[PDB]
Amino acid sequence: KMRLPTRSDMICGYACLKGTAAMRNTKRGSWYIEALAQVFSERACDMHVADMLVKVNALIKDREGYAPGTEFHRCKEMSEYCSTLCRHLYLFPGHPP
């Protein structure tokens, strides 16, 4: 009979890269969460989760810090995800209707 590895079928989205800070707007919240919600709500209907995290990556790469007079002014951040997924992960929202 087929057995499993100790761990599989996980996907982990990180707000930033190893060694670095993730950025948060004191009013609007975290860049990564803001991007994640905008993409998932827009594209979960027709895009798998790993591909949506790629769209999140695109949004984070483009953003820059607004924090005049401080070391965060114009700073950058890059998100990433690590995957042990073994199939497309579609959330099929609102199906069946």
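Here the rigid core means the biggest group of C-alpha atoms that line up within 1.5 Å when the two forms are laid on top of each other. Numbering starts at 1 and runs along the sequence shown.
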For this session: Taking the root mean square of C-alpha distances over all structures and residues in 5 other deposited structures of this protein, with a rigid core superposition, name the larger of 69-77 and 82-90.
Result: 69-77
For this session: Check the entry's C-alpha temperature factors for 83-91 and 70-78, then say which stretch has the higher mean.
Result: 70-78
Exercise. Mean CA B-factor: is it higher for 6-14 or for 21-29?
Worked result: 21-29
Seminar exercise, completed: Of the residues 46, 64, 51, 34, the one whose Cα carries the largest B-factor in the deposited record is 64
